[PDB]
Amino acid sequence: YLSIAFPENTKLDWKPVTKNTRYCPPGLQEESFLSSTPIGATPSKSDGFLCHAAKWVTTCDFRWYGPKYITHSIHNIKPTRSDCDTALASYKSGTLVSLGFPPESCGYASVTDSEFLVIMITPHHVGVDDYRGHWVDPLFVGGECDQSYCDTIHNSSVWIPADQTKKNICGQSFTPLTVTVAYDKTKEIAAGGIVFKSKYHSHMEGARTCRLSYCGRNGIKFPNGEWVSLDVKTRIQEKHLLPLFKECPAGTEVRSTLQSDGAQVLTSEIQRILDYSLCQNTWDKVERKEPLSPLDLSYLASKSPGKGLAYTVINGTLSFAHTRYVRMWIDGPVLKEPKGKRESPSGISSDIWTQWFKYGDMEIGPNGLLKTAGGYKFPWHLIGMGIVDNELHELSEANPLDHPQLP
Amino acid sequence: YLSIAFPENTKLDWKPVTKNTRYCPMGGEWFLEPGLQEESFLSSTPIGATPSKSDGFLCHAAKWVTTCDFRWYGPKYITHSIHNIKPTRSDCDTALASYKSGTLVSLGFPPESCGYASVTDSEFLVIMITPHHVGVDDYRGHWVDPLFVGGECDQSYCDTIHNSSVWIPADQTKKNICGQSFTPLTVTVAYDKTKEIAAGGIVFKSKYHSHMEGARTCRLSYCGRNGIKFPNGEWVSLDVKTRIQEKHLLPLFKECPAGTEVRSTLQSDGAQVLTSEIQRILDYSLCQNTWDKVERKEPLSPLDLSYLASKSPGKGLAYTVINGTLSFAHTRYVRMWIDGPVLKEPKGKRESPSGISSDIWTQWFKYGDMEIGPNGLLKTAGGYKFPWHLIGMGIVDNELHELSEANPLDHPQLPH
Amino acid sequence: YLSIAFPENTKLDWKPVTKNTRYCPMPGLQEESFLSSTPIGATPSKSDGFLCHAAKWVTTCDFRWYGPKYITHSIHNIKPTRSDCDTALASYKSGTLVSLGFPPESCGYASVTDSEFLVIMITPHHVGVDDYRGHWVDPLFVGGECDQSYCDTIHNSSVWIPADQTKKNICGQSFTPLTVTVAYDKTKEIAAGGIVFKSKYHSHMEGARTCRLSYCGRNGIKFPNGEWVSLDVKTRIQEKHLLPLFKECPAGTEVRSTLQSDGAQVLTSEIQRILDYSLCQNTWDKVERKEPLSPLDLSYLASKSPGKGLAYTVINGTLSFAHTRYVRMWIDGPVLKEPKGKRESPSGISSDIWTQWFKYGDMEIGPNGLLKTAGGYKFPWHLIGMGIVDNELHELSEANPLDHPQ
Ligand SMILES: *[C@@H]1O[C@H](CO)[C@@H](O[C@@H]2O[C@H](CO)[C@@H](O)[C@H](O)[C@H]2NC(C)=O)[C@H](O)[C@H]1NC(C)=O
Ligand SMILES: *[C@@H]1O[C@H](CO[C@@H]2O[C@@H](C)[C@@H](O)[C@@H](O)[C@@H]2O)[C@@H](O)[C@H](O)[C@H]1NC(C)=O
Ligand SMILES: *[C@@H]1O[C@H](CO)[C@@H](O)[C@H](O)[C@H]1NC(C)=O
Ligand SMILES: *[C@@H]1O[C@H](CO)[C@@H](O)[C@H](O)[C@H]1NC(C)=O
């Protein structure tokens with residue numbers, strides 16, 4: 001149930017650390033552009049009206065002789081744009097009226113009739129598909145529509161959205177945002193070498209960002225599902241930025257970004273800070289010729305996934321290694337066998353480390369990992385910064401998702 | 001106005017530190033790890049009230065009769081009346097479903113139906129659907145309105161005081177009548193594998209919940225589904241099927257008192273789970289940073305000693321220095337409210353900021369020329385001073401609490 | 001594009017330290033708290049209302065000398081009385097409102113007489129709110145606005161009524177309780193400058209940039225970051241009225257709401273100051289051991305926030321301090337090729353940051369471990385890192401949504 005970063009390999013090529021070497025975790029370039037991210041669905045946008053037209057007829061049938069035969073019927077007809085709009089704005093003003101049936105217009109030797117045009121406005125809220133950029137309600141033709149004048153199944157009723165003006169069918173309302181782009185000044189701009197930043201995003205990977213069209217504008221979906229508005233005009237390294245990214249798979253869904261996101265960015269920034277002054281605190285200790293504890297060794301290593309360094313103590317000689325860090329899941333802080341599930345917390349138990357050195361009376365692996373008669377014990381700083389890394393993740397995918405409506 | 005966590009007694013039984021184990025407080029529930037076991041269950045927590053859910057309609061039935069009176073002779077005597085009746089279920093379902101489609105129409109009064117030597121009349125059945133939004137009582141599980149019979153109702157076909165009106169909720173399908181919307185959540189359960197499972201030996205964790213005590217958790221039924229209320233007012237749904245250690249879980253917990261209310265779980269909650277973990281960590285290395293000093297035979301400062309001690313309420317350790325021997329003591333920590341960082345008398349308000357300033361400590365040892373109490377508290381000629389780490393970290397522990405009860409509460413409506 | 005806390009002057013008068021005093025950034029302060037209320041965000045159900053339209057539906061019976069019964073139907077749009085609408089309003093709320101249509105016919109001889117029904121129409125109509133100027137806003141209103149529960153419209157026969165007539169001064173957004181603490185010098189006369197505002201959502205708000213603002217009908221104070229709390233003239237601090245100590249806010253000033261997401265700031269700042277202190281003490285300890293200081297060891301010692309503090313260096317092996325006021329500067333990167341930073345604003349004014357350089361290892365060293373090496377001018381990593389946090393804490397303070405009126 002624990003998460004950790006561990007060198008992927010079970011053996012490393014160790015090399016003694018040279019005197020007065022002090023490496024605790026370039027040609028950077030940052031460009032910022034103006035952007036827009038969604039706050040959450042506001043249903044006030046998918047409000048609408050059911051426009052219903054019918055003719056209320058009073059026919060006066062008058063033949064050879066006899067009384068005045070008078071009838072009342074109702075003809076459901078489909079209204080025109082001007083028929084609805086007129087009766088609509090009267091609804092907006094409280095002047096909408098149902099006048100009822102006509103007075104009698106009677107005559108001789110012909111069956112003729114006089115009719116009234118009565119338009120009905122009933123308020124009606126619908127659903128939205130923000131991705132597919134059109135409205136959705138079962139009363140619609142097919143269950144969806146992308147027009148300002150939507151046809152319904154009933155021959156005589158059409159639907160009008162609360163606001164006829166705005167030309168994009170969208171559920172969520174948005175907020176502006178300044179998204180930063182960090183890349184290598186030296187190499188060609190490429191989707192891979194880019195890390196995205198903002199005040200709500202610490203280190204969002206360009207390698208795993210994909211182009212997604214959302215609420216009628218192109219934009220890009222971050223690794224955790226959050227999305228920013230982005231058009232083909234915004235250039236990075238004087239090259240168009242938008243095209244660099246593959247398109248997102250079908251049924252890819254987007255999350256809203258709350259103010260609650262900044263809370264991660266802060267604690268990541270501190271964990272890096274706490275961590276850094278903590279490995280120095282371990283080098284100061286080395287420098288003083290004070291022997292290193294398994295706790296001390298865990299201070300020195302990288303603790304996040306990616307190419308990094310590991311350290312150990314081989315016959316009093318501080319040794320290090322290059323290696324790539326990946327995320328593993330250990331069963332607890334002390335294992336009976338040095339095994340971890342390398343690809344999923346229900347994955348298989350493979351050996352994580354097998355190369356064991358001498359350490360007094362017990363043995364010691366990479367970054368302060370122990371092999372003791374009491375089992376294989378980890379360092380607590382590693383476990384702990386893994387518990388943070390965990391919470392730090394789940395909080396990123398903790399936002400509300402935009403689920404479209406299905407016709 | 002300042003708080004710290006402090007040993008409950010004013011005196012402790014001190015014992016010298018004997019064996020060299022760097023016995024540091026490892027923030028969170030890692031204290032009892034000689035057999036901790038975690039099982040997680042899938043669950044649901046409230047987001048906050050959504051008013052859309054209490055939308056509804058007032059169904060009004062009426063008979064519009066056109067009477068044709070025709071006696072011995074004379075003109076066609078016609079009168080118009082309207083007879084208000086209570087609608088039937090299918091009547092409402094129809095006139096409502098006519099409304100959702102804009103098909104509902106008021107035909108008005110009937111055409112004239114006349115005859116001889118008898119007064120006969122013709123009627124229309126006119127139903128009106130006028131929109132009416134009501135309030136909800138989520139704990140007790142029913143609607144609430146002044147127009148209701150008794151001031152509340154718990155069915156999808158509610159009667160009103162006026163005999164000719166009934167109330168229907170916008171969505172007739174959903175049986176639980178609940179005001180706020182939910183989101184899913186995965187709650188972890190931690191327990192000692194050795195002991196019998198019980199509410200006492202259980203700690204609840206999630207991504208919004210750092211260490212919730214099972215002993216201070218109680219069963220509360222909410223919005224038509226069983227569940228448990230954590231101390232901070234937040235609530236997670238838990239039904240009786242869920243087993244921990246092959247035993248029913250929900251039953252382990254007592255029922256929450258009447259008029260106990262629940263807070264929503266906003267996402268802003270993670271920030272507590274995060275900065276709690278950071279302090280649990282920082283305090284660890286700081287405790288070590290001092291054990292290293294102990295290692296090196298460097299004399300310990302009053303700050304050094306607060307580094308060694310527990311800083312959260314509950315059974316922990318205290319350290320002091322008895323004539324050059326670093327000594328520890330067992331004690332349970334409580335939260336106190338000191339007036340400031342440096343006091344004129346060793347007195348603090350235990351368990352409440354509006355409490356009795358009582359003496360916090362009385363067992364004072366010699367410390368160069370001044371005296372020193374537990375976990376680096378000094379008795380000096382300048383007054384009684386705390387260490388600043390303890391003070392600052394009480395400031396954190398505080399807003400962690402103060403932020404824990406910071407979510408909105410589900411206040412039901414009280415009828416009539 | 002980076003921000004840091006750096007001493008304002010380019011050179012200071014340093015005095016060697018021999019005091020054995022551990023002056024780390026953590027007198028006669030006194031704290032008094034008052035109870036208050038702040039906006040959480042706009043609620044749209046709060047702006048709901050109704051259209052009352054009164055009209056007379058007349059049935060006239062014209063009957064002259066002779067001939068058939070001539071009957072006509074008309075509708076006269078009329079303006080309703082306050083008490084007339086209320087009749088149809090609670091009648092609307094009960095589903096009992098009815099458009100009865102045209103009256104039965106009342107006919108007679110040698111005179112034209114008519115029978116009429118008073119049909120009131122209630123059309124639901126959602127409107128806008130101006131929380132600042134404290135009145136509703138709509139184009140249908142006379143002039144486009146109104147401040148009463150019975151509002152006139154452009155159309156002579158329509159008035160607008162809000163769902164709840166019991167108006168608290170008509171406010172679009174809803175509020176919450178909050179406990180605001182005031183920190184001041186007990187010693188000095190109380191003044192707008194000497195006050196710092198705290199709460200569980202506000203860590204150290206400067207009272208000097210706070211200004212009195214009236215909002216949704218409650219007098220109050222607008223914090224520097226746009227957030228606002230309700231505050232009355234009754235609340236006294238140091239036995240003096242608090243609300244009046246503060247200037248009035250500029251015209252068209254708008255407020256942002258205060259979310260729980262704020263607590264996230266107040267938290268990391270409390271951890272920072274906890275870490276810094278523990279790290280700087282952790283340095284004094286090093287000096288106790290007479291281990292030479294690294295520029296890092298030195299950056300642990302300095303103030304990290306704008307204001308009167310201390311800066312440090314090491315002059316000919318002697319650890320030295322100086323008094324100075326800290327400001328926020330914007331350096332181009334973590335190591336510059338010229339000792340230049342932009343003082344008081346990120347837009348322009350590239351000034352020399354430091355000029356007083358002492359000998360160090362083989363290289364020269366400025367304040368708080370700033371190095372002048374052949375590779376450029378390197379800042380410590382801690383100082384840079386703490387400037388990155390101190391920054392986002394800023395962009396996150398202003399990260400809440402603000403109230404735009406119509
Ligand atoms: C650390 O200690 C081992 C055990 O002493 C070292 O192994 C060497 O083994 C060779 C071959 O028998 C001998 O020269 C000595 O026994 C050891 N050499 C020295 C210089 O002491 C080796 O240095 C280290 N082992 C590992 C795995 O790093
Ligand atoms: C200093 O403290 C001593 C503590 O009492 C005991 O004596 C020592 C030698 C150990 O046996 C220890 O475990 C005991 O607690 C006092 O005996 C001594 O008198 C004190 N000296 C002073 C006050 O000058
Ligand atoms: C209200 O309800 C009844 C129908 O049950 C209706 O006939 C009458 O108007 C009212 N009841 C009585 C007792 O008058
Ligand atoms: C309001 O009333 C009359 C008719 O009721 C309308 O024609 C006009 O807009 C207003 N009155 C005047 C005198 O302009």
# chains A, B, ... in the order shown; residues from 1 in each chain; ligands from 1
>>> residues_near_ligand(ligand="ligand 4", cutoff="12 Å", atoms="only C-alpha atoms and all ligand atoms", output="PDB file with C-alpha atoms, in the first residue's frame")
ATOM      1  CA  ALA C  54     -52.385  43.948 -14.995  1.00  0.00           C
ATOM      2  CA  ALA C  55     -54.951  44.267 -17.739  1.00  0.00           C
ATOM      3  CA  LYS C  56     -58.702  44.706 -18.003  1.00  0.00           C
ATOM      4  CA  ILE C  75     -57.944  44.386 -23.547  1.00  0.00           C
ATOM      5  CA  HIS C  76     -56.711  47.497 -21.792  1.00  0.00           C
ATOM      6  CA  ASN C  77     -53.171  47.319 -20.461  1.00  0.00           C
ATOM      7  CA  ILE C  78     -53.188  48.931 -17.035  1.00  0.00           C
ATOM      8  CA  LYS C  79     -50.583  49.513 -14.297  1.00  0.00           C
ATOM      9  CA  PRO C  80     -51.211  47.342 -11.154  1.00  0.00           C
ATOM     10  CA  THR C 153     -40.613  49.260 -16.001  1.00  0.00           C
ATOM     11  CA  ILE C 154     -40.484  50.918 -19.448  1.00  0.00           C
ATOM     12  CA  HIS C 155     -43.825  49.309 -20.268  1.00  0.00           C
ATOM     13  CA  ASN C 156     -46.604  51.213 -18.551  1.00  0.00           C
ATOM     14  CA  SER C 157     -48.518  48.021 -17.620  1.00  0.00           C
ATOM     15  CA  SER C 158     -45.693  45.973 -16.096  1.00  0.00           C
TER      16      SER C 158
END
>>> residues_near_ligand(ligand="ligand 2", cutoff="7 Å", atoms="only C-alpha atoms and all ligand atoms", output="PyMOL selection string")
chain B and resi 16+322-323
>>> write_last_selection(atoms="N, CA and C atoms", output="mmCIF file, in the first residue's frame")
data_model
loop_
_atom_site.group_PDB
_atom_site.id
_atom_site.type_symbol
_atom_site.label_atom_id
_atom_site.label_comp_id
_atom_site.auth_asym_id
_atom_site.auth_seq_id
_atom_site.Cartn_x
_atom_site.Cartn_y
_atom_site.Cartn_z
ATOM 1 N N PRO B 16 15.970 8.307 32.755
ATOM 2 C CA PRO B 16 17.124 8.598 31.895
ATOM 3 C C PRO B 16 17.028 7.921 30.540
ATOM 4 N N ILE B 322 17.896 16.229 33.415
ATOM 5 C CA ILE B 322 18.069 16.154 34.841
ATOM 6 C C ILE B 322 19.542 16.033 35.248
ATOM 7 N N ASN B 323 20.111 17.174 35.646
ATOM 8 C CA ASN B 323 21.507 17.294 36.066
ATOM 9 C C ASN B 323 22.432 16.576 35.102
#
>>> select_by_dssp(residues="range 220-380 of chain B", states="strand (DSSP E or B)", output="NGL selection string")
:B and (222 or 225 or 227-229 or 234-237 or 243-244 or 247-248 or 255 or 263 or 314-322 or 325-338 or 342-343 or 347-350 or 357-359 or 365-367 or 370-372 or 378-380)
>>> residues_around(residues="residue 160 in chain C", least_positions_apart="5", cutoff="12 Å", atoms="only C-alpha atoms", output="compact mmCIF listing (two decimals) with N, CA, C and O atoms, in the first residue's frame")
# COMPACT_ATOMS: atom_id res chain seq x y z
N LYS A 92 -40.65 37.64 -22.49
CA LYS A 92 -39.61 38.31 -21.72
C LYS A 92 -40.15 39.56 -21.06
O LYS A 92 -39.54 40.10 -20.16
N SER A 93 -41.30 40.02 -21.54
CA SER A 93 -41.89 41.26 -21.03
C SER A 93 -43.23 41.07 -20.31
O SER A 93 -43.83 42.03 -19.82
N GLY A 94 -43.70 39.83 -20.22
CA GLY A 94 -44.92 39.53 -19.50
C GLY A 94 -46.17 39.92 -20.26
O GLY A 94 -47.23 40.01 -19.67
N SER C 47 -31.30 36.61 -7.19
CA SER C 47 -31.71 37.70 -8.07
C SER C 47 -33.06 37.44 -8.76
O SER C 47 -33.52 38.28 -9.54
N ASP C 48 -33.73 36.34 -8.40
CA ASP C 48 -35.04 35.99 -8.98
C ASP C 48 -36.14 36.99 -8.70
O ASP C 48 -36.12 37.70 -7.69
N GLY C 49 -37.11 37.04 -9.61
CA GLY C 49 -38.19 38.00 -9.50
C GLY C 49 -39.34 37.68 -10.41
O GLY C 49 -39.34 36.64 -11.06
N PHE C 50 -40.33 38.57 -10.46
CA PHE C 50 -41.56 38.31 -11.19
C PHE C 50 -42.10 39.48 -11.98
O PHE C 50 -41.90 40.63 -11.62
N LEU C 51 -42.72 39.18 -13.11
CA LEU C 51 -43.43 40.20 -13.87
C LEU C 51 -44.95 40.20 -13.66
O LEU C 51 -45.67 39.31 -14.14
N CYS C 52 -45.43 41.21 -12.94
CA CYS C 52 -46.85 41.46 -12.79
C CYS C 52 -47.38 42.35 -13.90
O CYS C 52 -46.93 43.48 -14.08
N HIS C 53 -48.35 41.84 -14.65
CA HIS C 53 -48.93 42.60 -15.73
C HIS C 53 -50.42 42.61 -15.51
O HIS C 53 -51.07 41.56 -15.53
N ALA C 54 -50.96 43.79 -15.24
CA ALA C 54 -52.38 43.95 -15.00
C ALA C 54 -53.03 44.41 -16.28
O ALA C 54 -52.47 45.22 -17.03
N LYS C 79 -51.62 49.67 -15.32
CA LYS C 79 -50.58 49.51 -14.30
C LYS C 79 -51.23 49.04 -12.98
O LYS C 79 -52.22 49.61 -12.54
N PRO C 80 -50.70 47.96 -12.39
CA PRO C 80 -51.21 47.34 -11.15
C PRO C 80 -50.84 48.10 -9.88
O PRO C 80 -49.87 48.85 -9.88
N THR C 81 -51.60 47.91 -8.81
CA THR C 81 -51.21 48.52 -7.55
C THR C 81 -50.29 47.55 -6.83
O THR C 81 -50.26 46.36 -7.15
N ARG C 82 -49.53 48.08 -5.87
CA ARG C 82 -48.60 47.27 -5.09
C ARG C 82 -49.38 46.13 -4.47
O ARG C 82 -49.00 44.97 -4.60
N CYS C 85 -50.72 43.28 -7.04
CA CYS C 85 -49.80 42.26 -7.52
C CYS C 85 -49.63 41.20 -6.45
O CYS C 85 -49.72 40.01 -6.75
N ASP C 86 -49.45 41.62 -5.20
CA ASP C 86 -49.26 40.69 -4.09
C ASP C 86 -50.33 39.62 -4.08
O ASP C 86 -50.09 38.49 -3.66
N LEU C 89 -49.32 37.29 -6.73
CA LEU C 89 -47.99 36.73 -6.48
C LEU C 89 -48.03 35.50 -5.59
O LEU C 89 -47.51 34.45 -5.97
N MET C 121 -51.15 38.92 -14.77
CA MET C 121 -50.27 37.89 -15.28
C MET C 121 -48.94 37.92 -14.56
O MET C 121 -48.29 38.96 -14.47
N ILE C 122 -48.51 36.76 -14.07
CA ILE C 122 -47.21 36.67 -13.43
C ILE C 122 -46.24 35.89 -14.29
O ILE C 122 -46.33 34.67 -14.43
N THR C 123 -45.30 36.62 -14.87
CA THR C 123 -44.28 35.98 -15.66
C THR C 123 -42.97 36.04 -14.87
O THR C 123 -42.53 37.12 -14.48
N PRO C 124 -42.35 34.87 -14.64
CA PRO C 124 -41.08 34.85 -13.93
C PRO C 124 -40.02 35.52 -14.80
O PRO C 124 -40.04 35.32 -16.01
N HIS C 125 -39.16 36.34 -14.20
CA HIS C 125 -38.15 37.12 -14.91
C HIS C 125 -36.90 37.31 -14.05
O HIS C 125 -36.96 37.93 -12.99
N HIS C 126 -35.77 36.77 -14.51
CA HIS C 126 -34.53 36.88 -13.76
C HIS C 126 -33.83 38.17 -14.18
O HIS C 126 -33.81 38.52 -15.37
N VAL C 127 -33.29 38.88 -13.18
CA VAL C 127 -32.60 40.17 -13.33
C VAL C 127 -31.14 40.17 -12.87
O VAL C 127 -30.62 39.16 -12.37
N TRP C 136 -30.60 46.68 -8.28
CA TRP C 136 -30.80 45.70 -9.35
C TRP C 136 -30.44 46.34 -10.70
O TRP C 136 -30.37 47.56 -10.83
N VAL C 137 -30.26 45.51 -11.72
CA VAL C 137 -29.95 46.04 -13.04
C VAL C 137 -30.56 45.17 -14.14
O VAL C 137 -30.44 43.93 -14.13
N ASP C 138 -31.27 45.84 -15.04
CA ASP C 138 -31.98 45.23 -16.16
C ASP C 138 -32.29 46.30 -17.19
O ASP C 138 -32.39 47.46 -16.84
N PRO C 139 -32.38 45.95 -18.48
CA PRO C 139 -32.81 46.95 -19.47
C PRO C 139 -34.31 47.27 -19.37
O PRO C 139 -34.72 48.36 -19.78
N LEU C 140 -35.11 46.33 -18.88
CA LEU C 140 -36.55 46.55 -18.75
C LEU C 140 -36.92 47.58 -17.69
O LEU C 140 -38.02 48.11 -17.71
N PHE C 141 -35.99 47.87 -16.78
CA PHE C 141 -36.24 48.83 -15.71
C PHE C 141 -36.23 50.23 -16.27
O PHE C 141 -35.61 50.49 -17.30
N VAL C 142 -36.88 51.14 -15.56
CA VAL C 142 -36.84 52.54 -15.95
C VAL C 142 -35.43 53.05 -15.71
O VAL C 142 -34.93 53.01 -14.59
N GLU C 145 -32.41 50.45 -13.98
CA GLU C 145 -32.11 50.07 -12.61
C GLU C 145 -33.21 50.44 -11.66
O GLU C 145 -34.09 51.24 -12.00
N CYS C 146 -33.19 49.83 -10.48
CA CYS C 146 -34.18 50.12 -9.44
C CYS C 146 -33.73 49.60 -8.09
O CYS C 146 -33.01 48.61 -8.03
N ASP C 147 -34.16 50.26 -7.02
CA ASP C 147 -33.74 49.86 -5.67
C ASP C 147 -34.90 49.59 -4.72
O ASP C 147 -34.72 49.63 -3.50
N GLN C 148 -36.09 49.31 -5.25
CA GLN C 148 -37.23 49.01 -4.38
C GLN C 148 -37.77 47.61 -4.63
O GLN C 148 -37.40 46.95 -5.59
N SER C 149 -38.66 47.14 -3.76
CA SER C 149 -39.24 45.83 -3.96
C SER C 149 -40.36 45.88 -5.00
O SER C 149 -40.80 44.84 -5.48
N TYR C 150 -40.78 47.09 -5.36
CA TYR C 150 -41.84 47.26 -6.36
C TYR C 150 -41.31 48.18 -7.48
O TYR C 150 -41.43 49.41 -7.41
N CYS C 151 -40.68 47.58 -8.48
CA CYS C 151 -39.96 48.33 -9.51
C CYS C 151 -40.75 48.67 -10.79
O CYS C 151 -41.30 47.78 -11.44
N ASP C 152 -40.70 49.92 -11.21
CA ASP C 152 -41.37 50.35 -12.45
C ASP C 152 -40.60 49.90 -13.67
O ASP C 152 -39.38 49.73 -13.62
N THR C 153 -41.30 49.64 -14.77
CA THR C 153 -40.61 49.26 -16.00
C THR C 153 -40.87 50.27 -17.13
O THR C 153 -41.55 51.28 -16.93
N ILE C 154 -40.28 50.03 -18.30
CA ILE C 154 -40.48 50.92 -19.45
C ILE C 154 -41.93 50.83 -19.91
O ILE C 154 -42.54 51.84 -20.27
N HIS C 155 -42.44 49.60 -19.90
CA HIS C 155 -43.82 49.31 -20.27
C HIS C 155 -44.79 49.70 -19.15
O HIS C 155 -44.73 49.17 -18.04
N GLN C 165 -39.41 39.98 -0.66
CA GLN C 165 -39.43 41.44 -0.46
C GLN C 165 -38.62 41.90 0.74
O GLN C 165 -38.30 43.09 0.85
>>> interface_residues(of="chain A", to="chain B", cutoff="8 Å", atoms="only C-alpha atoms", output="list in words")
residues 1, 50, 51, 52, 100, 120, 121, 122, 123, 124, 139, 157, 259, 260, 263, 264, 267, 271, 274, 381, 384, 387, 388, 391, 392, 394, 395, 398 and 399 of chain A
>>> atom_distance(atom1="CA of residue 182 in chain A", atom2="CA of residue 303 in chain A")
21.8 Å
>>> residues_around(residues="residue 115 in chain C", least_positions_apart="3", cutoff="10 Å", atoms="only C-alpha atoms", output="PDB file with N, CA and C atoms, in the first residue's frame")
ATOM      1  N   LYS C  56     -57.265  44.926 -18.080  1.00  0.00           N
ATOM      2  CA  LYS C  56     -58.702  44.706 -18.003  1.00  0.00           C
ATOM      3  C   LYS C  56     -59.215  44.039 -19.279  1.00  0.00           C
ATOM      4  N   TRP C  57     -59.815  42.861 -19.128  1.00  0.00           N
ATOM      5  CA  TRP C  57     -60.410  42.149 -20.249  1.00  0.00           C
ATOM      6  C   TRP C  57     -61.898  42.469 -20.280  1.00  0.00           C
ATOM      7  N   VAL C  58     -62.303  43.342 -21.201  1.00  0.00           N
ATOM      8  CA  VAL C  58     -63.660  43.897 -21.212  1.00  0.00           C
ATOM      9  C   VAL C  58     -64.596  43.222 -22.212  1.00  0.00           C
ATOM     10  N   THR C  59     -65.820  42.946 -21.761  1.00  0.00           N
ATOM     11  CA  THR C  59     -66.909  42.512 -22.635  1.00  0.00           C
ATOM     12  C   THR C  59     -68.033  43.556 -22.683  1.00  0.00           C
ATOM     13  N   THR C  60     -68.093  44.297 -23.788  1.00  0.00           N
ATOM     14  CA  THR C  60     -69.064  45.371 -23.970  1.00  0.00           C
ATOM     15  C   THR C  60     -70.331  44.874 -24.661  1.00  0.00           C
ATOM     16  N   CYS C  61     -71.490  45.290 -24.155  1.00  0.00           N
ATOM     17  CA  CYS C  61     -72.768  44.977 -24.794  1.00  0.00           C
ATOM     18  C   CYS C  61     -73.456  46.220 -25.372  1.00  0.00           C
ATOM     19  N   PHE C 102     -62.277  36.257 -20.956  1.00  0.00           N
ATOM     20  CA  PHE C 102     -63.280  37.306 -21.110  1.00  0.00           C
ATOM     21  C   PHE C 102     -64.553  36.994 -20.323  1.00  0.00           C
ATOM     22  N   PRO C 103     -65.151  38.040 -19.745  1.00  0.00           N
ATOM     23  CA  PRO C 103     -66.361  38.004 -18.924  1.00  0.00           C
ATOM     24  C   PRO C 103     -67.596  37.505 -19.663  1.00  0.00           C
ATOM     25  N   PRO C 104     -68.582  37.002 -18.906  1.00  0.00           N
ATOM     26  CA  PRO C 104     -69.910  36.723 -19.460  1.00  0.00           C
ATOM     27  C   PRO C 104     -70.583  38.013 -19.927  1.00  0.00           C
ATOM     28  N   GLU C 105     -71.605  37.901 -20.768  1.00  0.00           N
ATOM     29  CA  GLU C 105     -72.235  39.078 -21.361  1.00  0.00           C
ATOM     30  C   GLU C 105     -73.412  39.684 -20.589  1.00  0.00           C
ATOM     31  N   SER C 106     -73.284  40.963 -20.253  1.00  0.00           N
ATOM     32  CA  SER C 106     -74.333  41.705 -19.564  1.00  0.00           C
ATOM     33  C   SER C 106     -74.944  42.767 -20.483  1.00  0.00           C
ATOM     34  N   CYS C 107     -76.107  42.459 -21.060  1.00  0.00           N
ATOM     35  CA  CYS C 107     -76.720  43.313 -22.081  1.00  0.00           C
ATOM     36  C   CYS C 107     -77.998  44.021 -21.614  1.00  0.00           C
TER      37      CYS C 107
END
>>> residues_near_ligand(ligand="ligand 3", cutoff="9 Å", atoms="only C-alpha atoms and all ligand atoms", output="list in words")
residues 83, 84, 85, 86, 161, 162, 163 and 164 of chain B
>>> write_last_selection(atoms="N, CA and C atoms", output="short mmCIF file (atom, residue, chain, number, x, y, z; two decimals), in the first residue's frame")
data_model
loop_
_atom_site.label_atom_id
_atom_site.label_comp_id
_atom_site.auth_asym_id
_atom_site.auth_seq_id
_atom_site.Cartn_x
_atom_site.Cartn_y
_atom_site.Cartn_z
N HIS B 83 -65.20 24.63 -10.56
CA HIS B 83 -65.23 23.79 -9.37
C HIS B 83 -63.86 23.16 -9.09
N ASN B 84 -63.17 23.72 -8.10
CA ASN B 84 -61.83 23.27 -7.70
C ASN B 84 -61.77 21.89 -7.02
N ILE B 85 -61.08 20.94 -7.65
CA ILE B 85 -60.91 19.59 -7.12
C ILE B 85 -59.44 19.19 -6.95
N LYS B 86 -59.21 18.18 -6.12
CA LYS B 86 -57.89 17.61 -5.93
C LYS B 86 -57.58 16.69 -7.10
N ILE B 161 -52.12 22.23 1.75
CA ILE B 161 -53.22 22.68 2.59
C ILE B 161 -54.46 22.97 1.77
N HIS B 162 -54.29 23.59 0.60
CA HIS B 162 -55.41 23.85 -0.29
C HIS B 162 -55.76 22.55 -0.98
N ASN B 163 -57.01 22.13 -0.85
CA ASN B 163 -57.42 20.80 -1.27
C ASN B 163 -57.20 20.51 -2.76
N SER B 164 -57.04 21.54 -3.58
CA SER B 164 -57.00 21.35 -5.04
C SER B 164 -55.59 21.41 -5.62
#
